[PDB]
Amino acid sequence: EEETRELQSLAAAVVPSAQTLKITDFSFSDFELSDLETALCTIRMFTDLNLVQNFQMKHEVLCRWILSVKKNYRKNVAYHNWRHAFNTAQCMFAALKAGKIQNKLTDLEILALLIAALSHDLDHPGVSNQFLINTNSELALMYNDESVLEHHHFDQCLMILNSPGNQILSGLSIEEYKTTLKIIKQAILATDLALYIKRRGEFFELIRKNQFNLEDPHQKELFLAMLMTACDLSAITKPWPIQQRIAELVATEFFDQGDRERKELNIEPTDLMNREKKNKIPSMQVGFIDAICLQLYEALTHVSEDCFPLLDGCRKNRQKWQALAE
């Protein structure tokens, strides 16, 4: 059996230190890592956030859950595959550690954020919410056209958490378990960019008006949503060669969707999904950075100055894309 060898290899491995694995670095790249090494990095994230000890996760179970999460990404989807989920979780770990966010959060919040980061795009089909709506997908019907994909990712997350041998939350008390699942749902839903756009104004205004207070539960929840977005988008902050390579993957995925829209919907794709108009990429990247990314990384730096490297990297990529666009 093939998946058994994977598990036995993972569970038998000594997990290298976070220092060795370079996972505290906001500039981290996964490109040179094997799948087994990404799994070992994930075990280290749970370990160094004190989650294994605290919640008494059995090693074999954590290993199985990680491998189940990885298997439930679609490997041939160009961008939304396990490496994107892994990178998102690594950004979350770096923000908590290097970015000094950890001590602002509870143990349950940290547990939920890590699980959510890893699970937030599970079973992604490589097409957008709008595409699912337009092709009358049953998922869109079930979820009333609202955060369609994200509902599905959450459903998948729960399925894996409940699967025999994978129950990494089986040790929590009833009140802790309830609380954790609620946070996970909110965290995964927050990764719908439409929800980020809807809610970010309140976050930015709280900050601007000197009203931001993490002791307020509603504001804590809002902050967690923003932090999820920040991690989900973090490829846009990476050193140029890394960001360029990842941007090519996203383009491949999006252009694939446009091809499907021409065939299935008989419509010209929007520029973002139109390979015929790939000349628009630089200008679209600048526009995305300016409209969606910069304000978020600026706000995050306001919350914790040690998150500044995300903003610095974002600004550097803006400059590089704009040099291409102009």
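Numbers follow the displayed sequence, beginning with 1.
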137 to 145 or 155 to 163, whichever carries the higher mean Cα B-factor: 137 to 145
1 to 9 versus 315 to 323 - greater average Cα B-factor per the deposited record: 1 to 9
Criterion, highest CA B-factor; candidates, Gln285, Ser68, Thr42, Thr270: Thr270
Candidate set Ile188, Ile207, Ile101, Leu249 [ranked by C-alpha B-factor, highest]: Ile101
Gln257 - Cα temperature factor, lowest/middle/highest third of chain: lowest
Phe28 by Cα B-factor - lowest, middle or highest third of the modelled chain: highest
Within-chain third of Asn81 by Cα B-factor, per the entry: middle
B-factor third for the C-alpha atom of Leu296 within its chain: lowest
Within-chain third of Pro239 by Cα B-factor, per the entry: middle
